[PDB]
Structures are given as structure tokens and as C-alpha cells.
Amino acid sequence: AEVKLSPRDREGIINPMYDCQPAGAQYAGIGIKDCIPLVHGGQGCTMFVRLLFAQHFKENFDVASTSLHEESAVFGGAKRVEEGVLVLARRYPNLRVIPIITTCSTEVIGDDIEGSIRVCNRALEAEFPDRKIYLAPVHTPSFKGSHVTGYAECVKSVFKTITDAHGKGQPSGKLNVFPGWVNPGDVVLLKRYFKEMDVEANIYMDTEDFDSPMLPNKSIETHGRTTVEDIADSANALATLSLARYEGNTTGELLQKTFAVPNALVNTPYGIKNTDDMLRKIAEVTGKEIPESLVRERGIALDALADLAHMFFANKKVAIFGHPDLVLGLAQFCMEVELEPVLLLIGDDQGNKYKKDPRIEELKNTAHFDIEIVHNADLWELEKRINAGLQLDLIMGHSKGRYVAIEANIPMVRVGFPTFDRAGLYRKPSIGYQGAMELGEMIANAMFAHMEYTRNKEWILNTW
Amino acid sequence: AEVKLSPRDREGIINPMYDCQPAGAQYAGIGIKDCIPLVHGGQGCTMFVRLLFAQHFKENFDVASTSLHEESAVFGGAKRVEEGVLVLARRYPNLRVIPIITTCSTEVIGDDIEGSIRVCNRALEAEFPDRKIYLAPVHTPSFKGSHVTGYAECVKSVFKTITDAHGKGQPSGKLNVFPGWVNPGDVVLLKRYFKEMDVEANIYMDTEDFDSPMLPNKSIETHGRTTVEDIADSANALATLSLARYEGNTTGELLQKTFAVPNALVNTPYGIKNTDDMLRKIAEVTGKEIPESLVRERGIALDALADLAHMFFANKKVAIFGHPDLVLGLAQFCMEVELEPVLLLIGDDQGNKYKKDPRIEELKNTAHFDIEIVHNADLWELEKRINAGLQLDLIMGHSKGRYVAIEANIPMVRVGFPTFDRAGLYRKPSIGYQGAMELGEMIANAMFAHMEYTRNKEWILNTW
Amino acid sequence: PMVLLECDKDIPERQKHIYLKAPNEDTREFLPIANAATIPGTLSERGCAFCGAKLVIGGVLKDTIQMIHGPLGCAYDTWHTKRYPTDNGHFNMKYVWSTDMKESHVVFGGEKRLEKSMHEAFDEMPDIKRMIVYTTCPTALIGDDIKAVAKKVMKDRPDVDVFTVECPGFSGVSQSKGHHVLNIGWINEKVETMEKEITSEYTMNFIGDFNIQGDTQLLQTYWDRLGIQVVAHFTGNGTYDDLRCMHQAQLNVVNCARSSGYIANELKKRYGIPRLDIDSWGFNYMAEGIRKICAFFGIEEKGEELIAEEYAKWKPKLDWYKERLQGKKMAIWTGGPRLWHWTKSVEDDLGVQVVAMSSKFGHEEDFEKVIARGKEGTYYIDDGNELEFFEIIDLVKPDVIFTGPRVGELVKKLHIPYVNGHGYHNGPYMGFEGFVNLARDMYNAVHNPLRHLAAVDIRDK
Ligand code: CLF
Ligand code: CLF
Ligand SMILES: [Mg+2]
Ligand SMILES: [Mg+2]
Ligand SMILES: [S]
Ligand SMILES: [Zn+2]
């Protein structure tokens, strides 16, 4: 079995898979309590991303703009950054953290972000002697990488900034956990696993409360739960568990280098084996046993998947697109349940890294069929392959690919970010044992509906 | 605004909504640990019901037959009962409870079940001196009522049998809870609610482990968790909370009459208000406060539903079929989210009771449109009304109605029993706050898929 | 020898139902007793005579009301449980009818309730003009004369035709009795009550095939290519009126000799139509069957052209599966015939070793067949029960079990995969392509990552 990597053969993009770096830096920042990111550039760079988050989560998140205009585009934008910092601090008395996120415009014009931070620190210390506001420089030119890389850059810069200020102190006894770019339901699941294992951990960022209640007292609780103090404490951890090579492992590496916190990168926990291996590594680093409750949740997942695999999934051809950790992990999950992930699409310029991902060899050693991995892909690359005759039984990806599946009449399961065209997906785990089960049942239910709509042996859904 | 009840106008049935009484009695019994029901009648009355359970749950459950053959139909079948009890006892050394369930055959021929029980009790006491087996007579002629009535009769008889044997003991401090005929996921939710409220409670029957794991040690855990001890302790409870008028309230009533355990019947907790009212009754009987965690789960439900109600649900016409407590409760849920449940179908001969149900008046004071409630309904009644021009946007019911929705091109959400044509529904709550949310999101997601397959403004699923 | 299982120490009559074939035995001394009474309380797999009439045979028809005279349970229980498609939108699977018998009909009689139901069914679906009425336990016990009601309905509604079956669930010991009653009534009453146009020099009935997942439609592609007219299929993808024309055929080809041999035997007795038994499951078996049909008709070259094309299309795939399935151990726990149609065909064509077989309702004839074709060291069980199944698993350690879904879901807990030996996984399973489909499902069932994952205890270091 041959797993072939190839790049997109076009210079241009049609139907981009990801957003640009600043968007991902905004996503990282909105998961911090008392944080309002400040995006240094034109207004669209902020407002379109606030909309994107509202599409995925059906919630508002606070992000501010420096409002670069023509004057500042010609003569420099440092005063827009500096004013924006001060306006934020003046109007939001509880604000503590401001990642200052660059854009294509402010990278091209060369504004000196670090210098503006010195200016702002002096101004803020004079104006607000009893406050401390953390300003983190986040360099995210949009003409490199993608929102995946921008998320990773922003996490790293905010951790560098806060841990530079606080340093190393008392050991905490806790794990640091970087799950990557996951849903609130994934964070809920991880918190349960650590609780059942009696392992204290901080999950960075803790986005559980993005799914916020509508409460009798009209309070707004739609915030990140990761605090300054949580972030600072990462220097004191027993170990870091990094779940996502492209979405936070570089922070785990920085904490290893700076503070001697050992980083353990594991496969992102999609599917059974990857979840097993994550829990094995947790046990190894903590000395805690895996509890019976997880053996049971695992078993329930396997029971559910066994009702589907040979009956409905075997020999079915799947295309998967999304963030690289998710694509690679879902392809591994698909093979556990006899699906055939023949086309994997990863959407950015990081192919030199992806060729070295150890999961590629893992996929080569477990595939019963050839796999094509297109990197630097756009979603036109999927559509064009289907137009040329690629026969797929299932697509797994985010909602901006929906018209490809709708028009080709292929069932599609919504995974990754953003999933705006279905309800509630942000609350459903995709990682872990429960998440494998939930994914498999979404796949089956999408196939079942498709059998009904297309009258394809719809009578068979009785005694499976 | 008129809520009108009317009977089916045909003598015959086309496409029955429910199974017969003995099938319901079997469902009651399989929730008891160390129980094998013995169905006194021809072999189909057992085997077809074991298949029905496998369709809903994708699991085996043990039920035995007395294998009534021609000679018993001429001379009586007592000896088949007596042999069947002994053969069970001899081959299943851990068996403790045997509900002896009658059928149409054995009701017609008049076999004396209580007399056979006395014979068996003597035989068992002699043969197995240090063993107790509880034989409960369950009279379930199939020519009246339905599997709903049979379920209630079996619960009552088992409770009578076991409490007659043990009596009243010391106060337990606990609630008895009869949720009715619900899924494992509904039981999981209820356990959580009582746990968060610090209320000790036995849920009768506790069917959580019907969703059993596939375990490394190959053990079989697909059993009811309700024990003899648990049942016998019902006599000592603080109070009974009955959630289903037609599915266990009469056992709560028996316990009140026999043991002075006060029974509180509440609306079955579909939707927000009914859940609110359940929790308030729990708080009243126990003196325990409703916890902040439930306020929050409620608020998360409401938040989710608010993203759907006026956009997608308002003025959409719904038909609902299923058990009476589920149909009436779901109609109330639908109104909370702006759906219009215009046709409610309830499938058996208990209309004299249904006309007195307090929920009918509740529906009359909340509806903005006329509701037809057809009792003694079959599913042909639904199809026929659609054929005659009834315009529906949604059907909610069990999977034996699937072809009606498929052929009429109407989205359908699977609720109630049996839901064999989709995966995992047994694990998803329908009751409570989380259940209301999960139901609403199933409805939206079914509508969303329908918009895509039918190209009905499918572009609108972007910025809702 | 005959085997007394540990679980049967207290029901030791079961020994006469279980044969373990050993070297040098005269099998005539070891034929299981079959088709005898069930032991109460055993968790036997058996069903009822009504099932055999309505669910298995009559209900297959595409154009016929299935009027179940009885309380509603018997109807509910036989609806959404079969996989016999049709070419008219699956009318047979979409609907079931009951007379909804109530207590007052037990007391006073159900004949007028039946009659009313019958007229309603024809009024509600005015394009349907054919009906079968079945008794069930209580309508038998109360003595309703459904034949007389049907006579009256036909007199009042001359455009309909109605057939009746007396099949209460307590009749016989199993579903088998329902097959017999239906087969003999049909031939006695309805065969030769109409005729159809004959369009070929070569005509046959195909007797004992119920179109599971399209089996009958797949075989029909063979008959059409050979230029053979099938007067009637009994009953896969059939019509009521085709079955009235069965006397016209030149040849009766039988697959299910258990459920449908009765009608073939009476067609031969009454009309002189010869009975040819074949195996329409199995790759090499299918070729033998086609060659026999074509030798009967004198179209042997056409048969060889068909067989050559089918082997070219399918044999390489079959052989790929044999290479992977060789030596695997299989159990078959189904009704009866599939034991003797599959034991040697999976061995010949796939290299699969059938180690244990159980028949719910087979007769001694079925055991004669299976034991003749089956292996030494294999267990042959009549009327097996659930505790036996566990004991047999421990004895023979199957790699795969072909059985119904509920048993499949039980043995999954033991990490043993299943294929649905009744309704199939991804069928059809008859014919050349079908046996490839069977092999594919067996392969995917056993070559399954979940099975290996289930065995791992993550707590072990
Ligand atoms: S204000 Fe408007 S949306 Fe902003 S960049 Fe400017 S034209 Fe465009 Fe573009 S790639 Fe991303 S979103 Fe920006 S950082 Fe550049
Ligand atoms: S052995 Fe067979 S299935 Fe059983 S009754 Fe008899 S013909 Fe029928 Fe019918 S209504 Fe229910 S399922 Fe029974 S108790 Fe009667
Ligand atoms: Mg299961
Ligand atoms: Mg919300
Ligand atoms: S049977
Ligand atoms: Zn392999």
C-alpha cells in the first residue's frame, strides 16, 4: 500500500480550507479569561473572524481592532495600536491580557509591535498603577501558514509573555494539557478522563463555557476559563501532554526548554488506539492507574461500533479534510471501523512538516488500499476529483465544504471547524472513546438518511 | 382553540402502533437483575419480542417460553408452566425472579396460574432449600390494552409479589422513582439529577446497563440493575415519584395503599416546564434544594433551543405518535419551541382514560391552533390523513412509522420505542433539560438535511 | 456419538437431539430426533406456526393483503422484521393488517370483526384485490370459520380473491407446521384457478426461494438470459395470481425443500411436473444447478455460455476470499436448510470448516442431508437452546457464526463476529455473485480491527 503526498498543482486557491493566521490567533485568545485580543490591521480582519466564531459556536466573542486607515497605512500604525490598548484598558476595567495580533497590512508596513508594547507598558503603568495588563506580541502575517499556525503562534506567545513575567516557583503537581483546536465537548470529555483518573490538570485553553447558559439573572458567562494564573502555573507542571503536533506542541516544547517541564507529544486521540495510547502516556507520566470506568466507556464504544463496521462501513470510500491533526487522526479512526480513507486533504503550506509526521508511516502500515494526501489543498481540489470520477461514499469535513457534498449527493459528517450548518456539534465530543462512538454513529446516521432519500435498500435498516 | 379527541373509525388495524400486553410485560421483566420472564403461550409470543428488543437495543435479552402445543390447547397448559419454571431453575442457578406472563392463548383456555405457582413454590422449596425464587403471576391478555398496559401490569405484579414476601422494614430515606418506559439514556440523566440534588433514589427499573460494554474479559453485563432487595425496599421509601401515568403510576398507588408511601404523579418530564415541575416536586418531598448545576443545564438547553425556535420551528406542523405519556409530553415540548403539534396519535383502547388526562386541558390553554388527538389509532391513520391533504413539516415517532415519512418526504425524528432504524438513540436522553436540547437539535438537524436534499433554501444554513 | 452437554444434565432427553460425528460411525444409528415437541423453559430458538405461514411464505407476495385474524400483537410482531424486496415499492414490507380482536370477540365470536376488517382493507387500498387471511392462537381457539367468511366476502365482492390459512401458534411444534398448512391449502384450492400466457418453449416454477435481499431477482437474470419463462416464483418477488398458474410449468426447481417441498410433491402427483432439487447458494453448486436445468430443457450450450461468463466475472474474487478464509471455523445456527446448502459449499468454494450447526425446526430429512454433507468432529444440533450455544462455543471455538441478529449481538460479547444467516448482511447471497457477497461479509466480519481492540485491557502494562 502506497500513501502518496502531493501538493496542489495550482497557484491560486478556489474555496479555501482554512482562514489566515490572525484568525487562529484570535481563536487562541478568546479562550483566556479577561482577555480581549487586539488585531492590528484593517477592520475586516477582526469583524469577519468574530462572525466566523458566531457561525461555529452561535455566540459572541470580544475581539477589538486597531482600525488601520489610509493615514496609518502610509505613515505607520503604531499610534493605532497604542490608542487601542489604552481604549481597551480604560473601558474594560477587568481586562488583563491583550494579545496584539499582526495582520498582512501591519506586517508589510513593518510596524514595530514590541516598541509599541514598551510605550503602552509605560503609559499603562502611569495611568493604572494598580493594574497589570499583559501585552503579548503575536506575529501572524497572513501570507504564511494558516489559522492552524496562527493559533499555535498565539498560544506560544501568550505563554512566553506570562511565564516570562512570573517564572518558575512552587511545583504544582499538575499536568499541562494542550488539546489543540477542539470543541467544548472535547474539553468536557478530557476533564472527565482526568477526573476519573485522579489526575490534576489544566487544559489550555479551557473553552467549556463557550457553550454558555441563558440564565435567569441575565449574566453573561461566555468566556474562556484559562486565567493568567493558570498560564503562569504551566512553568510548575509535572509534565505537558501535547495532543496536537500543529496546535500547541510548540508551547509544550518551549516550556520544556525554558522550565524543564517534560513535554510528551502523543497522537491526537481520535479513535480507539490513539485514545488508549494517550491514557497509557498519562498513566506513565503520573503514576496513576487507568480506571475501570474508562475500560467500560471504551467497551461501550467498541460495542456500538461493532454494530456498524462490517455491516455498513466496510469498503466504503471516504474523503477527509480539516486541520492536519484531525485529518490524520480521523483517517486512523476510519480504518479501525473498516472505512477506507482514500483521500485526505490538508489545507496549508506546511507540507515539509507533514511529510515527516509519524502518522504517515502508521497509515502506510495499516492501509489495505492506496491513500492520496493532498497538502496545500483547497476544497476545489476535492470537487475537481469528484468531477473527474472519484467515487466516494462519505465526506468528513467542516461546513464550508457543504456544497460539494450536497451537489455530488454524497453523505457528509461535519467535523472540525467551523461546523455552522448543523446544530449542537460543538457540544459533542469527537476525541476519546465516547467521541469515537459519537463519530461512528453520526456516520451511520448520515448513511441511513441517505439510503432513505435515495431509496437505496432503505428496507435494510430493520434487523441490523 | 380546540383539542378534539376522536377514535379510529375503522374496526381493523393497518400498521399497529404498539405491540400486545405480553410484550410490555416482558420489557418490564428484563429490567430486573437475575430475572427471566416465562411467557405462557405459543412460541412466537416470546421469540418475536426478543427480536423486537434486539431491534431497539441491539442486544440480547433472556425470556423463555412455555411452548404451548396442541395437546395443551385441548386439555390445558398448566404442566407447561410447571415444567418451564423447573427447567429455568435447574439450568440458571442464579435466577431469582420469574414473572409468569399470560398470553391470548392461555387467557382464553383459563390456565390457573396461581395454582401452578403454588405447585412450583412447593417443588422449588423442596428441591432448592437455601434458594428463593419469586414467581409473579402476570395476567396480560392481548385482546385488551397494549404493551403499555402490560408493562404497568407486570411492574405492579412483581412489586406486589416481592413486597408481599418482605413487608415493611426500617425507613430507607430514599425515593422510589418509576420513570416509565424510557431509554437507558433517560435513566442516566435521572441518576445524574438525583445525584446533583443529593437525593437517594431507586429508579425502577434501572436499565442503564442494557447498553453494555464489549469487555476484554468477555463478560456479559447486559442486565437490569434493579434487584430483589431494591424492589423490597420500595416499601420503606420516603415517597414515590411516578413520572408516567400509564407506565408505573399504578405501582406507586399500590405502594401508597399498602405501605403508606405517599405517591406523587407528575407530568412526564418532556420539555422545560415539565422538567421544572418534576424538580420542584422532588424538592418539596425531600426538602432538598434544586442545585445551581441544574439551573445551568436548563440555561444551556434554553440557549440551544433559542437558536432554533423562531428561525426554523415557528409555524411548522407536527404529528406525534407513541406511548401516551410520551405523546402528551412531547406535544407540550413542541409548543415551548414554537412547533405546532396538530395531530397526536395514541395507539390503544384506553381512550376513556385519556379523555381525563389533565394534560389535555393543559394543551387546550397553551395551543394557538386546533389539535386532533386520535386514540385507538394505528399508523395507517397518519398515512391516510397525509394522503387526504394534511400538510406536515415534521413527524415524531418510532421507527415502525418510517415508511410513512419516507414516502411522504417529511422529516422524521425517532422517539419512543422501538427506534431501530437509527444508531445510538437508546443512549441519548429525551427527558429533562439535556433531553429537550437533544430533541430540539435532532429536529433541526433533520430539517436541515431535508432542506439540503430537497434544495429548499439550503443556502440559509450559514448565519443562523 | 450422541452428546449429553453439561448444561443439559437436567434435561437429558436433549442428548437424542445432538450428534457429534465421529470416524467410522454408521450415521444411520445417530440421526437426531427432530421435529418433536419443545422442552418448556429452555430458551429454544423456535417460533410458531403462524410465523411459518405469514412471515416466511405468504407475506413475501407483492400484491396481497396479509390479514391476521387475531389480537394486534401477532401483526405487530411480523412487521419490519423481514428483508424481501419487491419491484413494486416493497408493498409487502410497508404494511401489516390485523382484525384487532378484543374481549367481546372472544366472548361472542370474531367472524363479523374479520369480515368488517376485510372490507375495510379492500376499501382503503382499492388497487389491491388479493388477500390471505391467517388464524392465530385465540381465533383458532374460539372456532371462527375464516374460510366461510372469505367465501362470503368473495360472493359480495366479486373482483377480489381470498385464501385462508389455519395456523394458530400452538399448532405443530415450530414454524414448520405453518409451511405445510399453507402449501397444501394452496395447491388444493388455488392452483389451476387461472392461466397465463406462455411465452417460451421452456417453462419452470422456482419453488422455495423468498427473495431475501433480492436473491430471486438475481437468479431471474439467469433465467432471462437462458430464455426460460418462470411461470411462478414460490414466493420471492411473486404475485398471488402467478401462484394460481403453477400447473402450467414444465419443471419445478426446488431450493427450499423444507418449506416448499410439499407443493412440489403435490404438483408432481397431480400434474406430472418433475421435481428437481438444487442448491442455489454456493458457487460450484449454482453451476451444477444451471447445468441440470439446461440438460432438462436441451439448452446445454446456453448454460455453458452463462456459466463461463459468470465464472470469468466472479471466480477471481471468490478465489481471493478463499485464500483469506481458508481454515476458518464457522457455525451455522439457522432454520435448517441453510445448514445442508452451506456446509460443503463454504468448504469447497471458500475453504471454510463448519464446526457446529443447529436447526430450529428441521425434520429428520434435513439432518440426513446435513450429516451426509458435513464434517467429522462437527456438532449437529436439533432445536438448540441458548445455554447449548455457549457450551458449543467453548467446545469448537468458531471464528464466525452465521445466525440471527439477536444471537449475533450475544456472541459479540465473547468477541465472536457474526453474519446474519437469515436476512444477510450485504446480500443477495444466492447465485455466483451472491456467494462472493457472502464471502465478503464473512471476510469483513473476521478481518475486523474491533475484535482485536476489544481484547486489549488498557490497564495492562
Ligand atoms: S481589512 Fe479587509 S479583510 Fe482584512 S486583510 Fe484587509 S482587505 Fe482583507 Fe485578509 S488575509 Fe487575513 S483577513 Fe486580514 S490578515 Fe490580511
Ligand atoms: S404463538 Fe404465534 S405470535 Fe404468539 S399469539 Fe400465537 S399465533 Fe401469535 Fe399474538 S396477540 Fe400477542 S403475540 Fe402472542 S399474546 Fe397473542
Ligand atoms: Mg450494544
Ligand atoms: Mg449558545
Ligand atoms: S421455529
Ligand atoms: Zn489486514
# chains A, B, ... in the order shown; residues from 1 in each chain; ligands from 1

$ residues_around --residues "residue 44 of chain A" --least-positions-apart "3" --cutoff "12 Å" --atoms "only C-alpha atoms" --output "PyMOL selection string"
chain A and resi 22-23+39-41+47-52+63-69+103-105

$ write_last_selection --atoms "C-alpha atoms" --output "PDB file, in the first residue's frame"
ATOM      1  CA  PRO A  22      -4.704  36.113  12.553  1.00  0.00           C
ATOM      2  CA  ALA A  23      -7.969  34.278  12.730  1.00  0.00           C
ATOM      3  CA  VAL A  39      -5.953  42.787  15.886  1.00  0.00           C
ATOM      4  CA  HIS A  40      -3.635  45.335  14.365  1.00  0.00           C
ATOM      5  CA  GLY A  41      -4.794  45.930  10.842  1.00  0.00           C
ATOM      6  CA  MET A  47     -15.087  41.631  12.222  1.00  0.00           C
ATOM      7  CA  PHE A  48     -15.124  38.736   9.761  1.00  0.00           C
ATOM      8  CA  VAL A  49     -13.478  36.495  12.373  1.00  0.00           C
ATOM      9  CA  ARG A  50     -15.970  37.493  15.095  1.00  0.00           C
ATOM     10  CA  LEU A  51     -18.626  36.397  12.576  1.00  0.00           C
ATOM     11  CA  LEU A  52     -16.854  33.142  11.928  1.00  0.00           C
ATOM     12  CA  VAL A  63     -12.102  40.935  19.820  1.00  0.00           C
ATOM     13  CA  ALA A  64     -11.040  44.512  19.055  1.00  0.00           C
ATOM     14  CA  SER A  65      -9.464  46.197  16.024  1.00  0.00           C
ATOM     15  CA  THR A  66      -6.836  48.915  15.748  1.00  0.00           C
ATOM     16  CA  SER A  67      -8.793  50.252  12.794  1.00  0.00           C
ATOM     17  CA  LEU A  68      -5.912  50.840  10.396  1.00  0.00           C
ATOM     18  CA  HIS A  69      -6.947  53.566   7.939  1.00  0.00           C
ATOM     19  CA  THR A 103      -2.063  41.122  10.009  1.00  0.00           C
ATOM     20  CA  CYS A 104      -0.822  41.203   6.452  1.00  0.00           C
ATOM     21  CA  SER A 105      -1.097  45.011   6.393  1.00  0.00           C
TER      22      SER A 105
END

$ interface_residues --of "chain B" --to "chain A" --cutoff "9 Å" --atoms "only C-alpha atoms" --output "JSON, numbers by chain"
{"B": [51, 54, 55, 58, 211, 212, 213, 214, 215, 216, 295, 296, 297, 298, 299, 300, 301, 302, 303, 304, 307, 308, 399, 406, 409, 420, 421, 422, 423, 424, 437, 438, 441, 442, 444, 445, 448, 449, 450, 452, 453, 455, 460, 461, 462, 463, 464]}

$ write_last_selection --atoms "C-alpha atoms" --output "short mmCIF file (atom, residue, chain, number, x, y, z; two decimals), in the first residue's frame"
data_model
loop_
_atom_site.label_atom_id
_atom_site.label_comp_id
_atom_site.auth_asym_id
_atom_site.auth_seq_id
_atom_site.Cartn_x
_atom_site.Cartn_y
_atom_site.Cartn_z
CA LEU B 51 -36.32 -9.87 18.34
CA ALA B 54 -32.77 -6.70 19.76
CA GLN B 55 -34.04 -4.25 17.14
CA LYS B 58 -29.04 -4.14 19.54
CA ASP B 211 -26.06 -0.58 26.79
CA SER B 212 -23.37 -3.00 27.82
CA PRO B 213 -19.73 -2.95 27.01
CA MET B 214 -17.73 -5.38 24.92
CA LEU B 215 -15.07 -6.08 27.57
CA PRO B 216 -11.58 -7.56 27.46
CA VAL B 295 -30.17 25.81 36.63
CA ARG B 296 -27.16 25.87 34.37
CA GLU B 297 -28.17 22.74 32.39
CA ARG B 298 -31.54 24.26 31.95
CA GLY B 299 -30.00 27.51 30.72
CA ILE B 300 -27.79 25.68 28.26
CA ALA B 301 -30.86 23.92 26.91
CA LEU B 302 -32.76 27.11 26.58
CA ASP B 303 -29.85 28.79 24.83
CA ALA B 304 -29.70 25.99 22.27
CA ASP B 307 -31.18 29.37 18.27
CA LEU B 308 -33.91 27.24 16.61
CA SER B 399 -39.27 3.51 13.61
CA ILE B 406 -40.02 8.40 3.74
CA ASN B 409 -40.95 13.21 2.00
CA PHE B 420 -34.20 0.54 15.35
CA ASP B 421 -33.60 2.50 12.11
CA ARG B 422 -31.04 4.95 13.54
CA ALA B 423 -27.93 4.33 15.61
CA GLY B 424 -27.45 5.07 19.29
CA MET B 437 -32.00 20.17 23.94
CA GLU B 438 -31.09 16.89 22.27
CA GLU B 441 -31.33 19.62 17.88
CA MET B 442 -32.49 16.34 16.30
CA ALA B 444 -33.35 20.94 13.48
CA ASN B 445 -30.76 18.61 12.04
CA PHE B 448 -31.52 20.88 7.78
CA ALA B 449 -30.74 17.65 5.93
CA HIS B 450 -34.19 17.82 4.33
CA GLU B 452 -30.32 20.15 1.50
CA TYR B 453 -31.76 17.02 -0.14
CA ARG B 455 -32.86 22.20 -2.29
CA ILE B 460 -29.79 29.70 4.60
CA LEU B 461 -27.82 27.36 6.90
CA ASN B 462 -24.88 29.73 7.11
CA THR B 463 -25.61 32.66 9.53
CA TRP B 464 -28.46 31.43 11.69
#

$ residues_near_ligand --ligand "ligand 2" --cutoff "7 Å" --atoms "only C-alpha atoms and all ligand atoms" --output "ChimeraX atom specification"
/B:20-22,41-45,48,103-105,141-143 /C:48-51,70-74,77,136-137,168-170

$ residues_near_ligand --ligand "ligand 6" --cutoff "8 Å" --atoms "only C-alpha atoms and all ligand atoms" --output "PyMOL selection string"
(chain A and resi 366+368) or (chain C and resi 447)

$ interface_residues --of "chain A" --to "chain C" --cutoff "6 Å" --atoms "only C-alpha atoms" --output "ChimeraX atom specification"
/A:290,310-311,336,462

$ write_last_selection --atoms "N, CA and C atoms" --output "mmCIF file, in the first residue's frame"
data_model
loop_
_atom_site.group_PDB
_atom_site.id
_atom_site.type_symbol
_atom_site.label_atom_id
_atom_site.label_comp_id
_atom_site.auth_asym_id
_atom_site.auth_seq_id
_atom_site.Cartn_x
_atom_site.Cartn_y
_atom_site.Cartn_z
ATOM 1 N N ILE A 290 -5.156 3.589 35.032
ATOM 2 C CA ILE A 290 -6.352 3.873 34.257
ATOM 3 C C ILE A 290 -7.475 3.194 34.981
ATOM 4 N N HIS A 310 -18.693 -3.898 9.886
ATOM 5 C CA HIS A 310 -18.759 -4.789 8.732
ATOM 6 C C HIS A 310 -20.074 -4.650 7.983
ATOM 7 N N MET A 311 -21.153 -4.292 8.645
ATOM 8 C CA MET A 311 -22.416 -4.169 8.010
ATOM 9 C C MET A 311 -22.465 -2.967 7.101
ATOM 10 N N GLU A 336 -10.047 1.725 11.813
ATOM 11 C CA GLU A 336 -10.496 0.867 12.892
ATOM 12 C C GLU A 336 -11.900 0.322 12.664
ATOM 13 N N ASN A 462 -33.781 -2.465 9.353
ATOM 14 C CA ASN A 462 -34.709 -3.075 10.289
ATOM 15 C C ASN A 462 -34.064 -4.006 11.324
#

$ residues_around --residues "segment 87-98 of chain A" --least-positions-apart "2" --cutoff "7 Å" --atoms "only C-alpha atoms" --output "NGL selection string"
:A and (34-38 or 83-85 or 100 or 132-136)

$ residues_around --residues "segment 293-297 of chain C" --least-positions-apart "2" --cutoff "9 Å" --atoms "only C-alpha atoms" --output "PyMOL selection string"
chain C and resi 201-203+226+251+253+276+288-291+299-304

$ atom_distance --atom1 "atom CA of residue 138 of chain C" --atom2 "atom CA of residue 110 of chain B"
12.0 Å

$ decode --residues "segment 406-433 of chain B" --atoms "N, CA, C and O atoms" --output "short mmCIF file (atom, residue, chain, number, x, y, z; two decimals), in the first residue's frame"
data_model
loop_
_atom_site.label_atom_id
_atom_site.label_comp_id
_atom_site.auth_asym_id
_atom_site.auth_seq_id
_atom_site.Cartn_x
_atom_site.Cartn_y
_atom_site.Cartn_z
N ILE B 406 -40.87 8.54 4.89
CA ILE B 406 -40.02 8.40 3.74
C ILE B 406 -40.79 8.69 2.46
O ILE B 406 -40.43 9.50 1.62
N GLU B 407 -41.95 8.03 2.31
CA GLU B 407 -42.72 8.19 1.12
C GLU B 407 -43.37 9.53 0.96
O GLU B 407 -43.45 10.02 -0.22
N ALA B 408 -43.78 10.14 2.05
CA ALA B 408 -44.38 11.48 2.00
C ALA B 408 -43.32 12.57 1.92
O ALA B 408 -43.73 13.72 1.82
N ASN B 409 -42.04 12.24 2.03
CA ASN B 409 -40.95 13.21 2.00
C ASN B 409 -41.09 14.22 3.14
O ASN B 409 -40.98 15.45 2.95
N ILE B 410 -41.32 13.73 4.34
CA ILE B 410 -41.46 14.53 5.52
C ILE B 410 -40.33 14.18 6.54
O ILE B 410 -40.14 12.98 6.81
N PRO B 411 -39.54 15.13 6.99
CA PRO B 411 -38.56 14.79 8.02
C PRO B 411 -39.16 14.16 9.27
O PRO B 411 -40.23 14.55 9.69
N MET B 412 -38.43 13.23 9.80
CA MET B 412 -38.89 12.47 10.94
C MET B 412 -37.82 12.32 12.01
O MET B 412 -36.70 11.87 11.70
N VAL B 413 -38.19 12.61 13.24
CA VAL B 413 -37.32 12.33 14.40
C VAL B 413 -37.85 11.10 15.11
O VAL B 413 -39.03 11.00 15.40
N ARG B 414 -36.92 10.20 15.36
CA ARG B 414 -37.21 8.96 16.06
C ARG B 414 -37.25 9.08 17.54
O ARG B 414 -36.23 9.46 18.14
N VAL B 415 -38.42 8.85 18.15
CA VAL B 415 -38.59 8.94 19.57
C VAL B 415 -39.38 7.70 20.02
O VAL B 415 -40.15 7.07 19.24
N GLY B 416 -39.29 7.40 21.29
CA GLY B 416 -40.06 6.33 21.85
C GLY B 416 -39.47 4.97 21.45
O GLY B 416 -38.29 4.77 21.30
N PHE B 417 -40.40 3.99 21.36
CA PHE B 417 -39.99 2.56 21.24
C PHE B 417 -40.75 1.90 20.07
O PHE B 417 -42.01 2.00 20.09
N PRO B 418 -40.09 1.17 19.20
CA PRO B 418 -38.67 0.93 19.05
C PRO B 418 -38.06 1.90 18.00
O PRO B 418 -38.72 2.29 17.04
N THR B 419 -36.81 2.29 18.26
CA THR B 419 -36.13 3.15 17.31
C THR B 419 -34.94 2.45 16.72
O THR B 419 -33.76 2.84 16.81
N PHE B 420 -35.21 1.44 15.91
CA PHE B 420 -34.20 0.54 15.35
C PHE B 420 -33.56 1.08 14.08
O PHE B 420 -32.54 0.49 13.68
N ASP B 421 -34.12 2.11 13.40
CA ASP B 421 -33.60 2.50 12.11
C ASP B 421 -32.63 3.69 12.20
O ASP B 421 -32.30 4.27 11.16
N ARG B 422 -32.16 4.00 13.40
CA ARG B 422 -31.04 4.95 13.54
C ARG B 422 -30.19 4.38 14.65
O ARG B 422 -30.58 3.48 15.42
N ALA B 423 -28.94 4.85 14.70
CA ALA B 423 -27.93 4.33 15.61
C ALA B 423 -27.81 5.18 16.88
O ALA B 423 -27.68 6.40 16.79
N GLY B 424 -27.80 4.48 18.01
CA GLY B 424 -27.45 5.07 19.29
C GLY B 424 -28.53 5.82 20.01
O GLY B 424 -28.22 6.44 21.08
N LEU B 425 -29.77 5.85 19.54
CA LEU B 425 -30.77 6.67 20.14
C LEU B 425 -31.10 6.26 21.56
O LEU B 425 -31.50 7.10 22.42
N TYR B 426 -30.97 4.99 21.88
CA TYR B 426 -31.16 4.49 23.21
C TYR B 426 -30.26 5.13 24.28
O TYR B 426 -30.59 5.06 25.47
N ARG B 427 -29.16 5.68 23.83
CA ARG B 427 -28.19 6.28 24.76
C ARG B 427 -28.41 7.76 24.93
O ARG B 427 -27.73 8.39 25.76
N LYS B 428 -29.27 8.36 24.14
CA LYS B 428 -29.47 9.82 24.14
C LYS B 428 -30.69 10.12 25.01
O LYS B 428 -31.75 9.51 24.78
N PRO B 429 -30.63 10.99 26.01
CA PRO B 429 -31.81 11.35 26.74
C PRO B 429 -32.80 12.13 25.89
O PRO B 429 -32.38 12.87 25.02
N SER B 430 -34.09 11.93 26.15
CA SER B 430 -35.19 12.69 25.66
C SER B 430 -35.89 13.54 26.71
O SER B 430 -36.49 14.52 26.39
N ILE B 431 -35.89 13.03 27.95
CA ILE B 431 -36.45 13.74 29.08
C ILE B 431 -35.43 14.73 29.66
O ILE B 431 -34.24 14.69 29.36
N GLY B 432 -35.93 15.61 30.52
CA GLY B 432 -35.06 16.55 31.21
C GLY B 432 -34.61 17.68 30.31
O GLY B 432 -35.04 17.85 29.20
N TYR B 433 -33.69 18.50 30.87
CA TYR B 433 -33.20 19.69 30.14
C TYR B 433 -32.30 19.24 28.99
O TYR B 433 -32.47 19.65 27.85
#
